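Novice: Here's my sequence, what's the structure:
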Amino acid sequence: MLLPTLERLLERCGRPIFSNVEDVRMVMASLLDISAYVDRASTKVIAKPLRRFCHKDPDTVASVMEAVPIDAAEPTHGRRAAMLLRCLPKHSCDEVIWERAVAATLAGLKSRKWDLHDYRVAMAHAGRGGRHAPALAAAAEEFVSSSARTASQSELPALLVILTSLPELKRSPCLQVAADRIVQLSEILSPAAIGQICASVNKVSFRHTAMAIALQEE
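Specialist: Residues are numbered from 1 along each chain as shown. Structure as follows:
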């Protein structure tokens with residue numbers, strides 16, 4: 001609800017200064033509630049101790065997660081899910097919570113009210129886990145389709161990162177669809193952008209003559 005109220009208590013939460021379980025549980029409930037309502041900078045800071053207690057025990061995660069639920073049609077709660085997956089351990093996490101987050105991400109992917117970085121963050125963390133439920137990647141071939149309809153120079157690096165990161169999408173024709181978009185959008189020569197395109201294409205051995213000539217013209 002209030003961002004600055006809970007930020008000063010992080011130093012007393014990561015270290016067991018507040019040895020009481022209930023006090024840190026209420027603090028973590030407030031932190032999870034505000035995690036949806038953050039800026040682009042405090043998102044990194046809030047997850048520093050929360051990742052540790054999330055790694056500690058799935059029941060500790062659930063005691064706070066049920067206190068503050070997660071919605072998929074809202075950008076802020078979609079983020080809440082994103083840093084949930086950020087803090088979710090790759091090993092000490094029950095597959096039920098993983099599937100619940102997967103369903104939330106599915107409904108959010110069909111919502112698309114989230115900010116542009118939310119999809120990248122959620123997909124990166126899902127790939128980091130990668131233990132179960134690749135069904136999102138399934139729906140991904142539609143989402144990467146929808147972005148391909150607009151596919152402006154700003155969203156193109158994120159779209160191709162999403163495309164070339166998923167193992168199921170490595171050989172999908174939407175790669176060629178975005179490839180022809182790159183040809184049509186060859187007038188944009190932003191160095192960091194083309195760096196991202198190169199870091200996306202090099203993930204696989206993608207070969208396309210039009211990309212080669214168009215990229216090597218400049």
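
Novice: Show me the helices in the chain, by range?
Specialist: In the chain, the helices defined using DSSP state H lie at 3-7, 11-14, 21-36, 42-56, 58-65, 75-87, 95-109, 116-129, 135-150, 156-165, 174-184, 191-201, 209-217.

Novice: Including mean neighbour count, could these go into CSV?
Specialist: Bear in mind the C-beta positions are built from the backbone N, C-alpha and C, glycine included. CSV is the format used below for these (neighbours: other Cβ atoms under 10 Å):
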stretch, mean neighbour count
helix 3-7, 13
helix 11-14, 15
helix 21-36, 18
helix 42-56, 17
helix 58-65, 17
helix 75-87, 23
helix 95-109, 18
helix 116-129, 18
helix 135-150, 16
helix 156-165, 21
helix 174-184, 17
helix 191-201, 15
helix 209-217, 12
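
Novice: thought residue 147 was touching residue 159?
Specialist: Yes. Contact criterion Cβ atoms under 8 Å: residue 147 and residue 159 qualify, at 4.6 Å.

Novice: Can you pull the residues that touch both of the two?
Specialist: Common contact partners of residue 147 and residue 159 (Cβ atoms under 8 Å, 6 or more residues apart in numbering): none.

Novice: And the closest residue to residue 93 other than its chain neighbours, how close does it get to residue 177?
Specialist: Distance criterion Cβ to Cβ, 6 or more residues apart in numbering; nearest residue to residue 93, sequence neighbours excluded, is residue 58 at 6.1 Å. In this view, residue 58 and residue 177 are 40 Å apart by Cβ to Cβ, to the nearest Å.

Novice: just residue 41 next, same as before
Specialist: Residue 41 is 35 Å from residue 177, by Cβ to Cβ.

Novice: Please apply the same query to residue 52.
Specialist: From residue 52 to residue 177 the distance is 42 Å (Cβ to Cβ).

Novice: wait, what's in contact with the residue nearest to residue 42 when sequence neighbours are not counted?
Specialist: If the residues on either side of it in the chain are set aside, residue 42 comes closest to residue 3, at 6.5 Å by Cβ to Cβ, 6+ apart. The contact partners of residue 3, by Cβ under 8 Å, 6+ apart, come to 34, 37-39, 42.
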